[PDB]
Each structure stands twice: as structure tokens, then as C-alpha cells.
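A quick write-up on the structure given underneath.
One-based numbering along the sequence shown. Note that ligands are numbered from 1 as they come in the structure, with each ligand's atoms numbered from 1 the same way.
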Amino acid sequence: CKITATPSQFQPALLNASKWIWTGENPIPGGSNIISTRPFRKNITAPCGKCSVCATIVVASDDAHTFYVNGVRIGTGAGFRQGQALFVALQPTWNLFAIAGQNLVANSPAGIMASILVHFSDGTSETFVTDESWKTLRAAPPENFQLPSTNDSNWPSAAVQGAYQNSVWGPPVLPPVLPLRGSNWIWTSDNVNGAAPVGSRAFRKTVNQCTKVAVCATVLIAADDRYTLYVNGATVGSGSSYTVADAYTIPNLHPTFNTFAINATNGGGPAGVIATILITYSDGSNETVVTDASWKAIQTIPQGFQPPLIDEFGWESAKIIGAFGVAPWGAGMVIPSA
Ligand SMILES: *[C@@H]1O[C@H](CO)[C@@H](O[C@@H]2O[C@H](CO)[C@@H](O)[C@H](O)[C@H]2NC(C)=O)[C@H](O)[C@H]1NC(C)=O
Ligand SMILES: *[C@@H]1O[C@H](CO)[C@@H](O[C@@H]2O[C@H](CO)[C@@H](O)[C@H](O)[C@H]2NC(C)=O)[C@H](O)[C@H]1NC(C)=O
Ligand SMILES: *[C@@H]1O[C@H](CO)[C@@H](O[C@@H]2O[C@H](CO)[C@@H](O)[C@H](O)[C@H]2NC(C)=O)[C@H](O)[C@H]1NC(C)=O
Ligand SMILES: C[C@@H]1O[C@@H](O)[C@H](O)[C@H](O)[C@H]1O
Ligand SMILES: C[C@@H]1O[C@@H](O)[C@H](O)[C@H](O)[C@H]1O
Ligand SMILES: [Ca+2]
Ligand SMILES: [Ca+2]
């Protein structure tokens with residue numbers, strides 16, 4: 001229950017050990033199936049002596065899926081060529097994962113594949129996957145099939161349709177951990193006419209939903225020249241590339257108030273910092289924060305620019321240099337896989 005895990009480099013959930021599953025209505029795996037919707041459930045328990053905190057999920061489907069965690073709809077998606085990234089807070093000892101899969105083309109294959117990378121309170125992680133231990137039904141999902149109160153003890157086992165490397169679908173591409181589409185390159189307002197002075201600049205963003213309980217954050221960040229990233233005053237990481245982005249996991253968020261602070265440095269010419277942050281809440285919801293004009297910025301970095309509760313007098317609104325994609329940096333940022 002005590003969280004000794006600390007901020008770390010983001011660890012990708014992989015699909016390599018995962019299996020495609022369906023109902024087995026057609027006993028040929030990868031065989032033709034009817035248009036239909038089918039349920040899939042798995043109760044996963046935390047190993048002895050650890051608490052589960054949150055999970056990075058990658059899910060792929062032929063043809064479409066709706067993903068639930070402990071009764072809460074977490075995401076909807078479709079397609080088997082590229083997986084979908086989802087993030088969710090978890091109960092400490094067990095968690096019910098439920099998926100409604102849909103086959104949308106008659107006489108065509110059908111399948112659900114997911115990988116669930118659970119992070120534990122002690123800083124360790126374990127991947128769980130769709131396989132034959134999941135429960136299903138040869139029928140449309142009952143009402144409230146995804147709720148933990150539904151009893152699945154008399155459900156049949158899911159039928160494996162294929163493996164990551166051996167299936168009709170081939171191996172799905174991992175999505176990026178988080179999008180940079182939707183974020184902006186920002187800087188202090190001394191950034192004009194495509195260049196900014198040499199020097200360091202600081203940026204701050206606070207999230208404070210005092211009626212919710214925040215659990216984990218995933219951060220994706222890049223800066224033209226370099227950055228150091230802080231959360232609630234603690235150093236998270238640093239980078240020096242505007243073509244290869246860095247991803248971090250913050251597993252020990254404060255429950256209600258969290259401040260992200262950045263020291264970014266321009267070595268000459270253009271400058272900018274860009275980031276996308278996803279925070280998970282204990283009720284299963286999430287929120288995304290992006291670098292934009294709601295961040296604060298300052299041109300001379302004061303002592304203790306990174307502590308959570310400083311006086312922000314004399315900080316300006318950060319300037320939007322451009323949405324992700326603009327010249328000179330373009331759209332080709334290398335982003336870690338989800
Ligand atoms: C965060 O939670 C929300 C809902 O709880 C999810 O976003 C909405 O639901 C669908 C499901 O993927 C999104 O595609 C839409 O963009 C959202 N609805 C809108 C805009 O009306 C989202 O899946 C969750 N993110 C996670 C779990 O990473
Ligand atoms: C998932 O599994 C856990 C553990 O097997 C279930 O939790 C147990 O439920 C029984 C019956 O209510 C309790 O007596 C135990 O104390 C619980 N054990 C633990 C470790 O919590 C849980 O009910 C299952 N969830 C679902 C949705 O089936
Ligand atoms: C902000 O970042 C810059 C660069 O990362 C820091 O400036 C460096 O300070 C180190 C001390 O560790 C010195 O060795 C160098 O003079 C600087 N290096 C570079 C590359 O500029 C700066 O101290 C950071 N913090 C603040 C508050 O400005
Ligand atoms: C793999 C196959 O591809 C197309 O025919 C359709 O997407 C169909 O639903 C799917 O099963
Ligand atoms: C886009 C531009 O490219 C070079 O001039 C340098 O790497 C500089 O730091 C960067 O801003
Ligand atoms: Ca299909
Ligand atoms: Ca530069």
C-alpha cells in the first residue's frame with residue numbers, strides 16, 4: 001500500500017507475449033466468423049505482498065473493441081494493424097478487465113489482443129495478456145457484463161485465434177506512448193522571428209483536481225536544445241534532443257496537487273519545448289495536459305523555480321511558438337512505443 005516506486009523512464013507494454021482471442025464459435029483459429037459482439041473478462045489479482053497501482057494497456061482488435069476496467073469504460077477503438085494505448089489507475093489487490101469485441105464483416109476473422117503492463121507499489125511491473133484463461137460467451141454481452149458484480153464462473157474459456165508472430169493478422173505495430181499532435185511548442189515571449197536568445201527558461205504547469213485522487217502520470221517531452229523536468233520539485237529526467245522525445249512514468253503522484261516544472265535551454269537559433277502529460281484518476285478517468293499558453297514561463301530562472309507552491313508573480317503566460325508539426329522541427333519526432 002506504501003508506494004516506494006519513484007519516477008523512471010517509461011517502460012513500454014509489448015504485445016510479443018499476447019494472444020488473439022475470440023469465442024471459438026468457429027473452431028478454426030483465424031477462421032471466418034459471423035457479424036457479432038462478444039464479451040471477454042479476466043480477473044487479475046496482485047501477487048503476494050505487492051499492491052497494483054496503475055497500468056499501461058495496448059489493445060488491438062478485429063474489428064472493434066470497448067475496454068473496461070472494474071466496470072468503467074476506459075476506451076473504444078478498432079483495427080489490428082496498430083494497437084491502441086490506454087492508461088488506467090487500478091485497485092490494489094484485484095482488477096476486473098472486460099472487453100466487448102465486435103466482428104463487423106461477415107465471413108471474416110475476429111479477435112481481441114491486449115497487453116496489460118501493471119505497475120506495483122514497490123516499483124516492479126508484470127505484463128498480463130489476453131489468452132485462453134479469459135472468460136467469454138457464445139452470445140451477445142449480457143447487460144452489465146463488464147461489472148465486477150456479474151458472475152462469470154459458468155462462462156466458457158476464450159479460444160486462442162493466433163499468437164503475436166503466428167496469426168492471420170501479423171504483429172500489430174505499437175502506437176506512440178502519447179501523441180504530440182494536440183500539443184504546442186512553447187517558449188518565453190523573447191522567441192520572435194524564428195529564433196530566441198541563448199539561455200535557460202523555466203515553465204510551470206499545475207494540475208489540482210481537489211475532488212479527485214490522482215495516481216500516475218505519463219510524460220512525453222522534447223525541447224529544442226535541452227530540458228530538465230521536475231515534478232513537485234523532484235528531478236524526473238533530462239534530455240538534449242529535439243528529434244528523439246523522452247517518456248517518463250511518475251508512479252507516486254500527490255493525490256490532489258501536482259506541479260510540473262521545466263528548465264529548458266536554448267543553445268542558439270530557434271527554441272521550444274513540447275510535452276504531453278496523461279494523469280490517471282482512481283475513478284478510472286484521466287486527463288491530458290499539453291504545453292500551451294496556460295503554462296507559465298519566466299526568462300530569468302529564480303531560485304526554487306521548481307517547488308510546487310512558489311509565488312508565480314512575474315511569470316508570464318508561455319508563448320505558443322506553433323502547434324506540433326510546424327517548421328523547423330517538423331512532424332518526424334521519434335516517440336517511444338506505448
Ligand atoms: C480517458 O478517458 C476517456 C473517457 O473516460 C477516453 O476518451 C473518450 O473516449 C473515447 C475512447 O477512446 C476517446 O476516443 C474520445 O476521444 C473521448 N471522448 C470524446 C472526446 O467525446 C480515453 O480513452 C481515456 N484515455 C486513456 C484511458 O488513455
Ligand atoms: C477477483 O478475485 C479476488 C481474489 O480471488 C476476489 O476477491 C475475494 O472475494 C472473496 C469473496 O467475496 C473474499 O472473501 C476475499 O476476501 C477476496 N479476496 C481478495 C484478495 O480480495 C474478487 O471478488 C474477484 N473479483 C471478481 C470481479 O470476480
Ligand atoms: C538550467 O539548465 C542549465 C543547463 O542545463 C544549467 O546551466 C548549467 O549549470 C551547470 C551546473 O550544473 C554548469 O556547469 C553550466 O554552466 C551550465 N551548463 C549549460 C549547458 O548551460 C542551469 O544551472 C539550470 N538551472 C537553472 C536554475 O538555471
Ligand atoms: C482481416 C479482415 O480484413 C477485412 O476483410 C475486414 O476488416 C475484416 O473484418 C477483417 O476480419
Ligand atoms: C533548428 C536548429 O538547428 C540547429 O541550428 C541547432 O541544432 C539549433 O539548436 C536548432 O534550434
Ligand atoms: Ca472481422
Ligand atoms: Ca536552438
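- Neither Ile250 nor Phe120 shares a network with the other; the hydrophobic side chains, linked directly or stepwise wherever heavy atoms of I, L, V, M, F, W or Y lie under 4.5 Å apart, form separate groups for each.
- Under the salt bridge (charged side-chain N to carboxylate O under 4.0 Å, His left out) criterion, the residue pairs touching residues 188-200 are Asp190-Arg201, with sequence neighbours excluded.
- Inclusion of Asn263 in the set of residues having an N or O under 3.5 Å from an N or O of ligand 3 is warranted.
- Atom numbering of ligand 3 starts at 1 in the shown order; those under 4.0 Å from a heavy atom of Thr265 are 2 (O), 3 (C), 4 (C).
- A side chain to side chain contact (heavy atoms under 4.5 Å, CB included) with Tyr248 holds for exactly one of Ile277, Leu229, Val177, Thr218; it is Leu229.
- Pairing each heavy atom of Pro270 with each of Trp329, the nearest pair is CB-CZ2, 4.2 Å.
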Determine all donor-acceptor pairs shorter than 3.5 Å in which one atom belongs to a side chain in residues 302-312; sequence neighbours excluded.
from: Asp311; atom 1: OD1; to: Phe313; atom 2: N; distance (Å): 3.1
from: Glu312; atom 1: OE2; to: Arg204; atom 2: NE; distance (Å): 2.8
from: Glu312; atom 1: OE2; to: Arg204; atom 2: NH2; distance (Å): 3.4

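- The shell of residues lying under 4.0 angstrom from ligand 3, judged by heavy atoms, includes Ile301.
- Screening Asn266, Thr265, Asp225 against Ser200 for a side chain to side chain donor-acceptor pair (under 3.5 Å) leaves a single residue, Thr265.
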Are any protein N/O atoms closer than 3.5 Å to the N/O atoms of ligand 2? If there are, list each pair with names and the distance to one decimal place.
from: ligand 2; atom 1: 2 (O); to: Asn43; atom 2: ND2; distance (Å): 2.4
from: ligand 2; atom 1: 25 (N); to: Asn43; atom 2: ND2; distance (Å): 2.9
from: ligand 2; atom 1: 28 (O); to: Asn43; atom 2: ND2; distance (Å): 3.2

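- Following chains of ILVMFWY side-chain contacts shorter than 4.5 Å, one cannot reach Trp134 starting from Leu137, and the two form parts of different hydrophobic clusters.
- Nearest heavy atoms, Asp63 versus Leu104: OD2-N, 2.7 Å.
- Those atoms of ligand 3 that come under 4.0 Å of a heavy atom in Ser200, given as number and element, are 1 (C), 2 (O), 3 (C).
- Distance alone, capped at 3.5 Å, is enough to place a donor-acceptor pair between the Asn184 side chain and the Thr291 backbone.
- In this structure, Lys212 forms a cation-pi arrangement with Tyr281, its terminal cationic atom sitting closer than 6.0 Å to the ring centre and no more than 45° off the ring axis.
- Distances from the Ca ion (ligand 6) under 3.0 Å pick out these protein N/O/S atoms: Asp62 OD1, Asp63 OD2, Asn103 OD1, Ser108 OG, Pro109 O.
- Within a 6.0 Å radius of CG in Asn166, no more than 12 heavy atoms belonging to other residues, nucleotides or ligands are found.
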